[PDB]
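# Descriptive structure summary
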Amino acid sequence: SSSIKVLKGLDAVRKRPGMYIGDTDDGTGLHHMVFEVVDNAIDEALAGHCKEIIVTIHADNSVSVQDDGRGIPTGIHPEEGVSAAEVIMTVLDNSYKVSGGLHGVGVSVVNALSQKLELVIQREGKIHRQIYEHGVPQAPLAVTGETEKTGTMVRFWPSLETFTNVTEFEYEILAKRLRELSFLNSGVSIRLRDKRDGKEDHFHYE
Ligand SMILES: C#CCOC(=O)NCc1ccc(-c2ccncc2)c2cc(NC(=O)NCC)ncc12
């Protein structure tokens, strides 16, 4: 079944994480987790739908990324039987890569390597929520509210089963790369907030 296949893939990632996200011991992989989520928001911004992306480092050492784009699609596509968002979040060598030389692997890898991940989508007048634990959804994507805003928010807590040594996000690593990303995708506003020490930055080119 999908269930079994979905779990086999999450297990493949968990078993050889470095190969998918990058080195799990020097902070390469850990920060890549953030840039992988941001990359999909960047794509939405390059297509003209998202104007601002906000990256927040929380005091519990989770990170959220939010955008003001269209929201990830919510409907159940016939042939998978779960929301399109859930397929994106669950269906699948970076080992020795360094920094910007890493290849894009998709947000399902971030999900597999997160102790917890929350997805919130504002789309078609409605707020939708799904929670995952090491990639396994708690429940099907669900409507929790009504809204006239649109956007996508991912918050994730990196698994301490995967990441060792460098386990806390370094503001400056995120600042440096997010600044480069805003330069490399002109027009897009990126904000970085650190709730640990109140640091904030706003990167934009025009
Ligand atoms: C139906 C229809 C028209 O097309 C859309 O509405 N597209 C919105 C959309 C699609 C796919 C993705 C996506 C996400 C993750 N991996 C791969 C792709 C989208 C991602 C995002 N933003 C996003 O992932 N932000 C992180 C906080 N926004 C709209 C998306």
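The following refers to the structure shown. (Residues numbered from 1 in each chain as written, not as in the entry; some residues may be left out. Heavy atoms only, no water. Residues with missing side-chain atoms left out of burial classes, pairs and counts.)

### Brief notes about the overall build of the chain
Counted only if it meets this: Secondary structure elements are defined from DSSP: runs of H or I of at least 4 residues count as helices, runs of E of at least 2 residues count as strands, and each element is numbered from the N terminus. Both definitions apply: the radius of gyration is a C-alpha atom measure, and the globule rule equals 2.2 Å times residues to the power 0.38.
When its secondary structure is counted, the chain shows 6 helices and 9 strands. Taking 206 residues into account, the globule formula puts the C-alpha radius of gyration at 17 Å, and the chain, at 16 Å, falls close to it. Here the C-alpha coordinates of the chain stretch approximately 40 × 40 × 30 Å along the principal axes.

### Brief notes about the pairing of strand β2 (residues 63–67)
The cut-off we apply is this: Three exposure classes are used, based on accessible area relative to the maximum for each residue type with a 1.4 Å probe and protein chains only: buried under 20%, partly exposed in between, and exposed over 50%. At least two bridges found by DSSP between two strands is the condition for calling them paired.
Of all the 5 residues making up β2, 4 are buried; the element is thus mostly covered by neighbouring parts of the structure. In this sheet, β2 lies alongside strand β1 (residues 52–57) in antiparallel orientation, the contact comprising 5 bridges. Bridge pairing links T56 to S64 in β2. Counting the residues in the hairpin turn of β1 and β2 gives 5 residues, including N61, whose phi is positive at 65 degrees. With 5 bridges joining them, β2 and strand β7 (residues 151–158) adopt antiparallel strand pairing. In the strand pairing of β7, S64 is matched with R155.

### Focus on the site of the ligand
Where we set the bar: Only a single heavy atom is needed: when it lies within 4 Å of a molecule or strand, its residue is near that molecule or strand. Here a polar contact means two N or O atoms within 3.5 Å. Within protein one must be a hydrogen donor candidate and the other an acceptor candidate, and residues neighboring in sequence count only if both atoms are side-chain atoms. Working definition of accessibility: Shrake-Rupley area with a 1.4 Å probe, residue cover restricted to the visible protein chains.
Lining the immediate environment of the ligand, one finds 14 residues, of which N40, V65, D67, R70 and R123 sit closest. Within the side chain of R123, a nitrogen or oxygen atom sits 2.8 Å from an oxygen atom of the ligand. About the coverage of the ligand: the protein hides 71% of its 650 Å² of free accessible area. Looking at the shell around the ligand, the elements that each hand over two or more residues are α3 (28–46), β2 and β7.

### Section: the side chain of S182
Along the chain, the position of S182 falls in helix α6 (residues 171–184). Look at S182 and you get buried, because its relative accessible area is 0%. At a separation of 3.0 Å, a polar atom in the side chain of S182 contacts the main-chain carbonyl oxygen of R179.

### Quick notes on the packing of aromatic side chains
Cut-off, in case you're wondering: Geometry of aromatic contacts follows a simple scheme: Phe, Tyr and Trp rings, the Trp one being its six-membered ring, pair when their centres are within 6.5 Å, and the pair is stacked under 30 degrees between planes, edge-to-face over 60, tilted otherwise.
A full pass over the atoms with the stated rule returns 2 aromatic pairs. Summarising the aromatic geometry, the rings of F156 and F169 are spaced 6.2 Å apart at their centres and angled 85 degrees between planes, so their arrangement reads as edge-to-face. With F156 in strand β7 and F169 in the loop between β7 and α6, the pair connects residues that are 13 residues apart, well separated along the chain. No difference in accessibility class separates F156 from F169, as the two residues are buried.

### Remarks on the side chain of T90
Note the threshold: Any two residues whose heavy atoms approach within 4.5 Å are treated as being in contact.
Within the fold, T90 resides in helix α4 (residues 84–90). According to the relative accessible area criterion, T90 is buried, its value standing at 5%. Looking at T90, its side chain comes within polar contact range of the main-chain oxygen of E86, at 2.5 Å. In this structure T90 touches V6, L10, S108, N111, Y132 and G135, once residues within four positions along its chain are discounted.

### Describing the environment of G18
With respect to the helices and strands, the residue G18 is situated in helix α2 (residues 17–21). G18 sits in the buried class, given a relative accessible area of 15%. Leaving out residues up to four positions away in the same chain, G18 has contacts with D23, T24, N94 and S95.

### Some points on unusual backbone geometry
Trans is the prevailing form of peptide bonds, just as negative phi is the prevailing case for residues other than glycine. A positive phi angle, near 65 degrees, is found at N61, a position not held by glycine. Although it is not a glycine, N165 adopts a positive phi angle of roughly 75 degrees.

### Points about the nonpolar core
Where we set the bar: Here, nonpolar core refers to any group of buried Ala, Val, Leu, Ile, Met, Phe, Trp, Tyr and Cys residues whose side-chain atoms link them within 4.5 Å.
Formed by 45 residues in total, the largest nonpolar core has its most connected members in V34, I53, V55, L119, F156, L178 and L192. At 9 residues, α3 tops the list of elements feeding residues into this core. Excluding residues within four positions of it along the chain, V34 makes contact with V55, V63, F156, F169 and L174.

### Examining α3
Convention followed: Every helix has an expected span of 1.5 Å times one less than the residues it contains.
Its 19 residues place the ends of α3 25 Å apart at the C-alpha level, agreeing with the 27 Å of an ideal helix rising 1.5 Å per residue. By the criterion of burial, α3 is predominantly enclosed, with 15 of the 19 residues buried.

### Considerations on a nonpolar patch on the surface
Rules: By definition, no residue in a patch forms a salt bridge, and every one has over 30% relative accessible area; like charges are joined within 9 Å, nonpolar side chains (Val, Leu, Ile, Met, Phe, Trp, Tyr) within 5 Å. Every case where a carboxyl oxygen of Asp or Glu lies within 4 Å of a side-chain nitrogen of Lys or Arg is listed as a salt bridge.
Where nonpolar side chains cluster on the molecular surface, the patch consists of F183, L184 and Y205 and spans about 330 Å² of accessible area. Relative to the helices and strands, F183 is located in helix α6.

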